[PDB]
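Heads up: the structure comes next, in C-alpha cells.
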Ligand SMILES: C[S@@](=N)(=O)c1ccc(C(=O)Nc2cc(-c3ccc(F)cc3)ccc2N)cc1
Ligand SMILES: [Ca+2]
Ligand SMILES: [Ca+2]
Ligand SMILES: [Zn+2]
C-alpha cells in the first residue's frame with residue numbers, strides 16, 4: 007500500500023502546435039489539462055519536469071532511419087517536392103504536415119522516455135506523460151494522427167532493466183502499433199480494450215493472441231458501441247488481476263486515451279471520468295513501477311477533466327467536484343464541475359457478451375507458464 011511518488015512531465019510549448027483547421031487533434035488540450043491540475047494545487051504533491059527533446063538517435067531505437075529522416079525534413083514549405091515520400095510514410099491527410107511537426111514528436115516522445123528512465127533508476131513510483139500514448143505509429147509509417155511511437159520507445163527503455171513489461175490500453179482504439187512491435191516476444195504483454203468492428207484501425211480481434219515466442223502474450227477485448235462504467239467494471243479488474251497473476255510483470259505502462267469517454271467528438275463509448283479512472287486505481291494497487299500516458303480524446307474539456315482526475319488518483323489526493331478557476335474556465339460550462347454524466351446512448355454490450363469474452367480471454371491466459 008502507501009501513497010506513491012509521482013513524477014510528471016510537461017512542456018508548455020506543446021499547446022502551440024496546430025494540426026490545421028478542422029483537424030480534431032488539439033495539442034492545446036495538454037495545456038488545458040496542466041492548467042486545471044495546477045489550479046487544483048496538485049503541483050504541491052508531485053515533481054514536475056520538463057522533458058528533453060528526444061533525438062533522432064532515440065527514435066531509431068524503433069523507427070527506421072529513413073522514416074525519421076523524412077520526419078526531420080518535411081515542412082509545409084517543401085511539401086510539393088516530397089509528394090512521393092509523404093504517401094510512402096502515410097503523411098499528408100489524417101497525419102498532416104504542420105509547422106514544428108518534428109519538434110512536436112520530440113516533445114511527446116521525450117516525456118515518455120524520460121519517465122521510463124526515471125522508473126528504471128528507481129527514483130519514482132509513477133511517471134506521467136499526458137502528451138504521450140501515440141499507440142498507432144508504426145516502424146516506418148504515421149497513422150491515426152500519430153507519427154512517433156513514444157510507447158514502444160519507452161517500453162524498450164524499461165526492457166533494459168525489466169524482464170517482463172505489461173502494457174494496458176484503455177483508449178477506445180486498438181493499440182495496434184504497440185501490439186505489432188511486440189507481437190513476437192513474451193517480454194512484453196499487450197492488453198487492449200477497444201471498440202471493434204468496422205472501426206479504426208481494423209485490428210484487435212479476440213483471436214489475435216501473438217505469434218511465435220509471443221503467442222498468448224497479446225490480449226484483445228473487442229467491444230461494441232456505448233459501453234458504460236458498469237460494463238467496463240465487469241471485466242477490467244478481473245482481467246488485469248488474472249494477467250498480473252499469470253504474467254507477473256515488473257513494470258507497467260498504462261495508456262489512458264480519453265476518447266473512450268462519454269460525449270467524445272470521435273468516439274462511441276459512454277464511460278464517465280470516474281469509470282475511466284477506476285482503471286488507474288486498479289492498476290495502481292499492484293504496487294508496480296507505472297508509466298501513465300495520454301492518448302486520444304477529442305472533446306477537450308472532458309480530456310482535461312479526465313487526466314486531471316487521474317493525476318489526483320495517482321497521487322491519492324481527493325479533489326472537489328467544483329472546478330477551481332483557471333485559464334480555460336469557460337470550456338467547462340455550463341456546469342463547471344469536474345465529473346461528467348453518461349449519455350442515454352444504447353449500450354450494445356450486453357452483460358452476457360462481456361462475461362463471454364472475458365471467459366474466452368481467461369482460457370488463453372491459462373496457456374501461460
Ligand atoms: C479519422 S479515424 N476515424 O480513422 C481516427 C479517429 C481517431 C484516432 C485516434 O484517436 N488516434 C489517436 C491519436 C493519439 C495521439 C495522441 C497524442 C498525439 F500528440 C498524437 C496522437 C493517441 C491515441 C489515438 N487512438 C485515429 C483515427
Ligand atoms: Ca485500447
Ligand atoms: Ca507480446
Ligand atoms: Zn484513440
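Numbering (the authors' numbering), first residue to last: 7 to 375.
Note that CB positions come from ideal geometry on N, CA and C, so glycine has one too.
- Not a single heavy atom of ligand 1 lies less than 6 Å from the C-beta of residue 368.
- Here the distance from the Cβ of residue 137 to the nearest heavy atom of ligand 3 is not below 6 Å.
- Segment contact: the stretch 31-41 against the stretch 67-83, fewer than three CB-CB distances shorter than 8 Å; contact not assigned.
- Shortest gap from the CB of residue 188 to any heavy atom of ligand 3: under 6 Å.
- Taking a cut-off of 8 Å for Cβ pairs, the stretch 254-270 and the stretch 279-290 touch, as three or more such pairs fall below it.
- Beta-bridge annotation (DSSP): residue 55 is paired with 15.
- Within the same chain, and ignoring the five residues on either side of residue 277 in sequence, the residues whose Cβ sits closer than 8 Å to its Cβ are 233, 234, 235, 238, 266, 267, 268 and 348.
- Taking a cut-off of 8 Å for Cβ pairs, the stretch 17-31 and the stretch 103-121 touch, as three or more such pairs fall below it.
- With contacts defined as CB atoms closer than 7 Å, residue 197 and residue 158 fail to qualify as a contacting pair.
- Linking residue 92 to residue 163 through their CA atoms gives a straight-line distance of about 29 Å.
- Sequence-distant partners of residue 37 (beyond 5 residues in either direction) whose C-beta falls short of 6 Å from its own C-beta, in its chain, are 21.
- Approximately 6 Å separates the beta-carbon atoms of residue 113 and residue 59; this is inside 8 Å, confirming the contact.
- Residue 48 and residue 332 do not touch by the CB rule: their CB atoms are close to 12 Å apart, not below 8 Å.
- Taken in chain order, the complete alpha helix (DSSP H) segments of 4 or more residues contained in the stretch 214-257 are 235-253.
- In the structure shown, residue 315 falls within a helical segment according to DSSP collapsed to helix, strand and coil.
- In chain order, 212 place their CB closer than 8 Å to the CB of residue 366, counting only its own chain and leaving out the 5 sequence neighbours on each side.
- One thing to note: residue 285 has its Cβ no nearer than 7 Å to the Cβ of residue 231.
- Exclusion of residue 265 from the 6 Å shell around ligand 2 follows from its C-beta lying no nearer than that to any non-hydrogen atom of the ligand.
- If you draw a straight line from the Cα of residue 319 to the Cα of residue 372, it comes to about 32 Å.
- Any heavy atom of ligand 2 within less than 6 Å of a residue's beta carbon puts that residue on the list, which reads 175, 176, 177, 179, 180, 181, 198, 199 and 200.
- Annotation for residue 248: 368 and 371 place their beta carbon closer than 7 Å to its own, counting only its chain and skipping 5 residues before and after.
- Just measuring C-alpha positions, the residue of 135, 45, 63 and 307 sitting nearest residue 55 is 135.
- Residue 327 sits exposed, since fewer than 16 C-beta atoms from the chains shown fall within 10 Å of its C-beta.
- Rounded to whole angstroms, the separation of the alpha carbons of residue 181 and residue 175 is 7 Å.
- At least one heavy atom of ligand 3 lies less than 6 Å from the C-beta of residue 224.
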